[PDB]
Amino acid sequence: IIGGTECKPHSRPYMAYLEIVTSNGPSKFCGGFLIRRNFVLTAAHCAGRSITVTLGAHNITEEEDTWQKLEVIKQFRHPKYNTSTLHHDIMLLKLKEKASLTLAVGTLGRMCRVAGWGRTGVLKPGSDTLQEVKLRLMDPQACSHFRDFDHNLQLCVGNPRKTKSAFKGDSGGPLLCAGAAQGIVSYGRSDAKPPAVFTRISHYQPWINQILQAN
């Protein structure tokens, strides 16, 4: 998160920190959010050979009693996900067991909010703490330069006259507008100039329900 502020610890108890393993590189990291006690929603580009989810985190460097580190048994990447266009950048992770509900862990032109442990600048490392930024939902014309952006599938997020933005490592986290999840961090410019592209969750609700009912 660029231009955000550190959250009060555990103030976003649905937030999930993902560590993604690949067979041919080191760990990669994403966000996500707990939508059922045994399901996490995130971005399809966060898929890997294996994933561990950490719920209840604030400072991801300092293990504490709120932590619940949970195995993912199965990854459900949207079947039309496209690795070039990042159309349909959405994925459900089924956890091996249902999470415990605690104070720190629970399920989930207007201004929306996005939180994450990602980089705090183009050349800065990922944040040790959960950060949150308020971003403006933009008309789709603001994202035209993203040639594969589609207004029906995606949201256009972030005033280009502000530096505020999600960035690397924030992929998969939710954009909340009026306390409801509307977007998923997907992609943007390498130089972090807003706006960025989010997955429009509403489009995918039938697919989400289909997976949840079959698993």
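Start at 1 with the first residue shown and count on from there.
- Could you tell me how many residues of the deposited sequence sit unmodelled between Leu108 and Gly109 (none, 1 to 3, 4 to 9, 10 or more)? Missing residues, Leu108 to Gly109: 10 or more.
- Averaging C-alpha B-factors over each stretch, which comes out higher, 116-124 or 96-104? Stretch with the higher mean C-alpha B-factor: 116-124.
- Hey, which bit's got the bigger mean C-alpha B factor in the entry, 193-201 or 20-28? Mean B over CA atoms: larger for 20-28.
- Query: Among the chain's modelled residues, which third holds the C-alpha B-factor of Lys69?
  - Reply: Its C-alpha B-factor belongs to the lowest third of this chain's values.
- Task: State the tercile, meaning the lowest, middle or highest third, of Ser171 with respect to the CA B-factors recorded for its chain.
- Result: Within its chain, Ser171 is a middle-third residue by C-alpha B-factor, going by the deposited values.
- Message: Going by the CA temperature factor in the PDB record, which third of the chain does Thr61 belong to: lowest, middle or highest?
- Response: Highest third - that is where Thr61 ends up once the chain's C-alpha B-factors are sorted.
- Query: Looking at the C-alpha B-factor of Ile90, is it in the lowest, middle or highest third of its chain?
  - Reply: As the PDB entry reports it, the C-alpha B-factor of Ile90 lands in the lowest third of its chain.
- Task: Using the B-factor values recorded in the entry, state whether the Cα atom of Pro9 falls in the lowest, middle or highest third among the modelled residues of its chain.
- Result: For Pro9, the deposited C-alpha B-factor lands in the middle third.
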